[PDB]
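A short write-up of the structure that comes next.
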Amino acid sequence: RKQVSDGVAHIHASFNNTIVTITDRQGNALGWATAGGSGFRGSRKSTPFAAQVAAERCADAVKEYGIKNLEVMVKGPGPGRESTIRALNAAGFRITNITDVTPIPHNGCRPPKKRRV
Amino acid sequence: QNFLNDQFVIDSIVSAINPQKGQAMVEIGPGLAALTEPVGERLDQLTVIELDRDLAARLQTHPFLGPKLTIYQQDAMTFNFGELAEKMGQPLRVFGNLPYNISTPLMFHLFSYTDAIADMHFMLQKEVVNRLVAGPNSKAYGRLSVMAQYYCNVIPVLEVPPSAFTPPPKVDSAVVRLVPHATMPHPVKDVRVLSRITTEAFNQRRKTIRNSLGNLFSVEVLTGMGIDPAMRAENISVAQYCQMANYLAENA
Amino acid sequence: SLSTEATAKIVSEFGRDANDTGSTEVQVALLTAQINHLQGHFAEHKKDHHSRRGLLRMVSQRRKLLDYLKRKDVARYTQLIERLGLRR
Amino acid sequence: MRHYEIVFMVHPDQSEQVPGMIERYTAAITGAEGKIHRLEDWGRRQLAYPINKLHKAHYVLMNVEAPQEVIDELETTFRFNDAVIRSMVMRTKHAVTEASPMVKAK
Amino acid sequence: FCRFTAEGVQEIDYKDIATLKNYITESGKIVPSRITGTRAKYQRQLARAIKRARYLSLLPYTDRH
Amino acid sequence: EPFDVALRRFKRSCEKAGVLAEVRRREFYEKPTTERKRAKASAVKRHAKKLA
RNA sequence: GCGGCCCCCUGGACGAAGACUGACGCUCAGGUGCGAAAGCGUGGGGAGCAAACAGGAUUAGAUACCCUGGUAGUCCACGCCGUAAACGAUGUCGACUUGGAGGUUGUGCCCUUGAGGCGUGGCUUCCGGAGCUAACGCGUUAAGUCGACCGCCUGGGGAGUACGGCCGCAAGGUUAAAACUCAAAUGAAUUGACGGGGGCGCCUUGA
Ligand SMILES: [Mg+2]
Ligand SMILES: [Mg+2]
Ligand SMILES: [Mg+2]
């Protein structure tokens, strides 16, 4: 059993799913949760509620590893950003850096074709 | 989906079929009573598959027809025509009309039974029929017409205007007949080699066969077979295609 | 597309004086020198069609000027094409 | 001849040989009978993002009027000399002698 | 407009990071000319300058780098 | 520094960055003719307001 | 058609102010060359994307629409093809003929400077007068007023199809009929339907 505290939190949100993972300052994963592992499937898997629940599951995993400090970064286009990070405010940490780190290309390679719908 | 409407061409099709006893006849897709009746009439008794169980009830309860046919109610692509050929004493005459998404499957299932089928007689859309009979050097030619002409001799019976159909389509369509060769004029070591040679070639039909079949064979193999590798895939007869198939199979 | 000094050498050769520019002789000479130079460009830059559109304009402009001078005075024409070696 | 700006940056841990670099390149300029109108250093200076995983690298400017040939020599000398981590050469309109804003801030 | 036109009339610029900072987002993107009030001539010069300044890590490309 | 005020500050920053609108529209390729048509369509759809 | 940045070579354009040549001009059948996208030829490359294909779904069926894959292709050098709603659906060149609000890029003079304010080329956008136009509209960047030459059309289908020639590696390109068949075919614009509405019996289009 290991106790450390310096914490980086990554929110990886998409219109199918939201993964959340906690890492050390090194970026080394301490533990993680998703929505789909929270148990929701199809439509429920991508909901602000499922993203809160995923954050609660990570909050439990870090209670075992580290809880004093966190630096939270957010990625992917999906819903529930606010919902999952306010769920990190549950068992609240002292955090101040927020931006997205959503990948924007400087005119990178050809995206998929549009859906015929 | 479609079925025919006008007695002139119904009568032309059922008469051109020449359906009589001394033939192991089976309908598929009996559809509207009007075109299944004359064939169930002229044959003293007739076998049939309908895919639909509700239409199979409509026709099996019809006293013209239920007493005069034996009737089956399933996807014909499940159906064991090789056993029906045994039960009918001689290889089958298989015939009719359908919604024809299933058409491409029908041909392969019929070809899975080239021994058990004596002949096939079916309506189809103008472009696919003209493809099916297409001569090697034409844009209408290609892989499915190659496999068809490999398995059988193929013969247009007659051609029908779109106003002839109950829901009339925009599209003219023809009845065609075909004959599994009594011995294959093109003997082949395997058909999967044909199927993959033809798909590779026709997946690349604009480039030279050196840049199609020569992606697998050498130019010296091709010219060794007597084939110019600078041709395009749509210059090539089924004869040299089965020669390639034999070459692939026997040199592997 | 030429240095002022190569232009100066050419106009001081083919021109009436330093006040002359654009006498037919001056024109066809500097135009010829440019055409000669650009052979080195296109000998590398084969695919530079947009540049060679200017070259085609220049050789045809040269032809037009020569033919005008030829009908205006054969002596000036012949001694000028002699000096430039034109109709090569 | 063509005026140029030549502007380049040197590894913080090779910044001590920068005078030797100014010798090597200024000798190439005057050895081409070219002339120089600015030479400047802005010291070790922090980078907006990491260059070659480094920080704080040492910045240098020249204003010059050399014949084209030797600019390609010193340019390719930058790809030979790994102490130079980047360079940019600019075919500027004029010789310019007034100090860089990077100096004039002092 | 005319005050922003004076900013163009006075100067054409590269290496003046202090003035370049007047025309960038904090995320490092170029400001559109209508928001700067400057005329398009100077917008082009500023864009060219910013691109050079990014090449030499004088300005970032993004917020992060 | 209240968490939900730092959240509002963050929300303003990502709105000013436009990143959700960018990644939304960047989801697919497009045949350049249609954004050309859409662009000029918007240009006249705008210009019609200029008239009073 | 051309869009990160720098270099190297290189084409054209516009303004300034003179100077110079001395009608050297325009147009252009044949001819010659450039010519998107797709495809081909020869040899590389292959990240992402993706005809074909393959497999899972959906549907009365679904070949579609959905998804997981995926080859050619997409990229490069060097050949070819030579077509596109390659359309401003508007040939090239020259002269003339109300205005108005912008944009962009030179330039002159005045600047009290710095802003300004008088001018003055070039390019370009939108309004619109006269005139023109079947009407729609065009309108000093004409579809107005006219001069020179070139290209092209002569009812609708049959048919840009046949055949022949040419051209192309092949695709195909190109030039190009006729029989035969019909009393139309067609452009613009008007009024009802629209209709599914949409708002509030009434104005009127998520259709
Ligand atoms: Mg290729
Ligand atoms: Mg291509
Ligand atoms: Mg033709």
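Labeling convention for the structure tokens: chains A, B, ... as they appear, residues from 1 per chain, ligands from 1 in order of appearance.
Here is the contact set of chain G against chain C, at 8 Å and counting only C-alpha atoms (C1' of nucleotides): residues 9, 10, 11, 12, 19, 20, 21, 24 and 34 of chain G.
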Check: Please, which residues have at least one atom within 9 Å of an atom of ligand 3, using only C-alpha atoms (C1' of nucleotides) and all ligand atoms, listed as a list in words?
Finding: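 Taking only C-alpha atoms (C1' of nucleotides) and all ligand atoms into account, the residues around ligand 3 at most 9 Å away are residues 160, 161, 173, 174, 175 and 176 of chain G.
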Requested in this report: Can you pull out every residue within 10 Å of stretch 112-121 of chain B, counting only C-alpha atoms (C1' of nucleotides), but drop anything in the same chain fewer than 6 positions away, and send it as a ChimeraX atom specification?
Outcome: /B:13,16-17,23-27,80-86,90-97,106,151-157,175-182
At most 7 Å to chain F: residues in chain A, only C-alpha atoms, as an MDAnalysis selection string: chainID A and resid 77 98:100 110:114
Check which residues of chain B sit at most 12 Å from ligand 1 using only C-alpha atoms and all ligand atoms, and return one row each with the closest pair of atoms and their distance in Å to one decimal, ordered by chain and rising number, as JSON lines.
```
{"residue": "B:206", "atom": "CA", "partner": "ligand 1", "partner_atom_place_in_ligand_line": "1 (Mg)", "distance": 11.5}
{"residue": "B:207", "atom": "CA", "partner": "ligand 1", "partner_atom_place_in_ligand_line": "1 (Mg)", "distance": 9.6}
{"residue": "B:208", "atom": "CA", "partner": "ligand 1", "partner_atom_place_in_ligand_line": "1 (Mg)", "distance": 11.8}
{"residue": "B:211", "atom": "CA", "partner": "ligand 1", "partner_atom_place_in_ligand_line": "1 (Mg)", "distance": 10.4}
```
- [ ] Please identify the residues whose atoms come within 8 Å of ligand 2, using only C-alpha atoms (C1' of nucleotides) and all ligand atoms, and report them as a PyMOL selection string.
- [x] chain G and resi 37-38+73-74
Per residue of chain D within 7 Å of chain E, record the nearest atom pair and its distance in Å to one decimal, counting only C-alpha atoms, with rows in chain order and ascending residue number, as a tab-separated table.
```
residue	atom	partner	partner_atom	distance
D:47	CA	E:57	CA	5.3
D:48	CA	E:57	CA	4.9
D:49	CA	E:65	CA	5.0
D:101	CA	E:16	CA	6.0
```
Could you please take those selected residues and save N, CA and C atoms as a PDB file, in the first residue's frame?
```pdb
ATOM      1  N   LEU D  47      12.565  30.812 -24.268  1.00  0.00           N
ATOM      2  CA  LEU D  47      11.888  30.357 -25.478  1.00  0.00           C
ATOM      3  C   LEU D  47      10.391  30.198 -25.197  1.00  0.00           C
ATOM      4  N   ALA D  48       9.523  30.676 -26.086  1.00  0.00           N
ATOM      5  CA  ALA D  48       8.074  30.523 -25.941  1.00  0.00           C
ATOM      6  C   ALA D  48       7.635  29.049 -25.895  1.00  0.00           C
ATOM      7  N   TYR D  49       8.389  28.174 -26.546  1.00  0.00           N
ATOM      8  CA  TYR D  49       8.260  26.725 -26.500  1.00  0.00           C
ATOM      9  C   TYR D  49       9.643  26.089 -26.653  1.00  0.00           C
ATOM     10  N   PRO D 101      15.242  46.338 -31.494  1.00  0.00           N
ATOM     11  CA  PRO D 101      14.432  46.623 -30.306  1.00  0.00           C
ATOM     12  C   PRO D 101      14.830  45.768 -29.096  1.00  0.00           C
TER      13      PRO D 101
END
```
Q: Write down as number ranges by chain the residues belonging to chain D that are assigned strand (DSSP E or B) by DSSP computed on the backbone.
A: D: 4-10, 36-44, 51, 54, 58-64, 84-90
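You will find atom CA of residue A:80 at 17.8 Å from atom CA of residue A:92.
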Using the chain letters and numbers from this document, which residues of chain F does DSSP assign to alpha helix (DSSP H), as a ChimeraX atom specification?
/F:3-17,19-25,32-47
One-decimal distance in Å that lies between atom CA of residue B:61 and atom CA of residue B:8: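 Taking atom CA of residue B:8 and atom CA of residue B:61, their separation equals 26.6 Å.
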Work out how far atom CA of residue B:98 is from atom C1' of residue G:61, in Å to one decimal.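 We find that atom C1' of residue G:61 and atom CA of residue B:98 lie 10.1 Å from each other.
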Legend entry - Residues near residue E:3, cut-off 10 Å, only C-alpha atoms (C1' of nucleotides), skip fewer than 6 positions along chain, as a PyMOL selection string: (chain E and resi 9+37-38) or (chain G and resi 114-115)
Those same residues - C-alpha atoms (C1' of nucleotides) - I'd like them written as a PDB file, in the first residue's frame.
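Generated output (out_3.pdb):
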```
ATOM      1  CA  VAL E   9       1.379  55.027 -41.496  1.00  0.00           C
ATOM      2  CA  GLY E  37      -8.974  48.564 -36.597  1.00  0.00           C
ATOM      3  CA  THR E  38      -5.773  48.436 -38.777  1.00  0.00           C
TER       4      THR E  38
ATOM      5  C1'   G G 114      -0.122  62.999 -36.588  1.00  0.00           C
ATOM      6  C1'   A G 115      -5.478  62.482 -38.188  1.00  0.00           C
TER       7        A G 115
END
```
Counting only C-alpha atoms (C1' of nucleotides), which residues in chain G sit no more than 12 Å from chain F? For each one, give the nearest pair of atoms and the distance in Å, sorted by chain then residue number, as a Markdown table.
```
| residue | atom | partner | partner_atom | distance |
| --- | --- | --- | --- | --- |
| G:37 | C1' | F:31 | CA | 11.3 |
| G:48 | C1' | F:29 | CA | 11.3 |
| G:49 | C1' | F:29 | CA | 8.8 |
| G:50 | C1' | F:29 | CA | 11.7 |
| G:101 | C1' | F:51 | CA | 11.3 |
| G:125 | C1' | F:47 | CA | 11.9 |
| G:126 | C1' | F:47 | CA | 9.6 |
| G:127 | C1' | F:51 | CA | 10.2 |
```
Of the residues B:51, B:65, B:160, B:132, which is the one nearest to residue B:79, using only C-alpha atoms?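 Going through B:51, B:65, B:160, B:132 one by one, the smallest distance to residue B:79 is for B:51.
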Please list as a PyMOL selection string every residue within 10 Å of stretch 1-5 of chain A, counting only C-alpha atoms (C1' of nucleotides) and excluding residues in the same chain fewer than 6 positions away. chain A and resi 24-25+30+62-70
Problem - Close residues, residue A:13 itself excluded, 8 Å, only C-alpha atoms (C1' of nucleotides), min 3 positions apart in chain, as a ChimeraX atom specification - result: /A:17-19,74-81
| task | Taking only C-alpha atoms (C1' of nucleotides) into account, report as a VMD selection string which residues of chain G lie within 12 Å of chain E. | result | chain G and resid 4 to 6 103 to 105 113 to 116
